[PDB]
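Residue numbers (PDB author numbering), protein chains in the order written: chain B, 541 to 678; chain A, 541 to 675.
Cβ coordinates follow ideal geometry from the N, Cα and C atoms, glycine included.
Take a look at the structure below.
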Amino acid sequence: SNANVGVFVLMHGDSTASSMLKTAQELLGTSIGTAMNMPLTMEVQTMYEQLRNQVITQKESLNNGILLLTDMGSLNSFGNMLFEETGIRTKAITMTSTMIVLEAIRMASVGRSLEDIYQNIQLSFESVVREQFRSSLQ
Amino acid sequence: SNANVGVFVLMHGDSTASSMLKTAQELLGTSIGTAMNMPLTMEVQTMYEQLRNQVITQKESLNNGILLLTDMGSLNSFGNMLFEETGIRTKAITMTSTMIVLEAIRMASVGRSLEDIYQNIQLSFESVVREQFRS
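Structure below.
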């Protein structure tokens with residue numbers, strides 16, 4: 541009920557997820573959020589099981605839902621998979637960049653809801669779509 | 541006529557840029573592209589000079605232009621600044637993630653033009669955003 545939203549950052553490669561999270565954490569002075577890197581030799585199912593296992597452990601601290609921030613590929617499917625398996629409300633967002641991790645952790649750490657965080661992140665993506673749109677014009 | 545577009549990945553953190561670049565290079569079997577990890581202690585001007593310094597030592601290898609893939613605000617001015625200073629055509633994409641680096645590196649390595657790469661990445665980025673937030 542007063543749990544902060546749980547933020548998990550999952551990305552392809554050796555240290556993208558963890559390095560992006562470290563950046564946000566150092567900018568905000570917080571240690572909340574969890575990063576997991578999927579190196580190229582690791583099967584997608586193996587990664588899901590890493591995430592699911594930690595989620596299951598911390599179930600009682602994840603009363604206000606989970607936000608999965610991913611880059612690409614199969615990883616977004618984990619959001620619905622976790623909800624189906626654990627019943628914990630999950631939103632998943634692809635194409636995650638440093639700013640998005642930063643904004644997710646900042647809002648999570650001050651107790652904003654999963655829905656409020658998801659909406660603000662959508663607005664950030666929309667701002668960028670528009671900035672890019674305007675740049676393509678010239 | 542033959543230069544590949546030079547792709548530069550500039551990200552905040554210990555290994556964000558280099559990790560994304562390595563993922564792309566390994567997935568694609570190519571060694572092209574430059575990553576520059578910017579630590580939080582580094583000044584904006586130092587970051588800029590790091591980029592500019594490499595660029596101007598390899599001008600002819602960049603004569604088909606430069607694509608900067610960046611994350612955060614301060615880096616977002618570097619494209620126009622680099623172009624103004626060097627005259628080498630530069631495009632820049634913010635909110636860079638793994639798939640942005642992947643497709644930029646894939647296109648550059650097969651000899652796609654700057655305008656084409658930039659166009660296609662922006663179109664893909666918008667498509668995925670719209671599908672993500674659809675329902």
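- Under DSSP, residue 632 of chain B takes part in a beta bridge, and its partners are B:608.
- Under the Cβ distance rule, residue 605 of chain B does not count among the residues neighbouring chain A, no pair being separated by less than 7 Å.
- Apart from sequence neighbours up to five positions away, the residues of its chain that approach residue 649 of chain A with a beta-carbon distance below 8 Å are 544, 568, 570 and 572, ordered along the chain.
- Annotation: residue 660 of chain A is outside any beta strand (DSSP E); the continuous alpha helix (DSSP H) that includes it extends over 654–672.
- Counting along the chain, residue 557 of chain B sits inside the alpha helix (DSSP H) bounded by residues 556–568.
- Taking 7 Å as the cut-off, the beta carbon of residue 541 of chain B is found closer than this to the beta carbon of residue 603 of chain B.
- Interface residue (Cβ-Cβ distance to chain A less than 7 Å): residue 560 of chain B is classified as such.
- Per DSSP, reduced to three states, the secondary structure at residue 549 of chain A is strand.
- Per DSSP, the continuous alpha helix (DSSP H) segment holding residue 620 of chain A begins and ends at 618–626.
- One alpha carbon belongs to residue 588 of chain A, the other to residue 595 of chain A, and they sit about 11 Å apart.
- DSSP places residue 581 of chain B in no alpha helix (DSSP H); its state is neither H nor E.
- Under the Cβ criterion of 7 Å, residue 617 of chain A is not counted among the residues facing chain B.
- Among the residues facing chain B, residue 637 of chain A is included, as its CB has a counterpart in that chain under 7 Å away.
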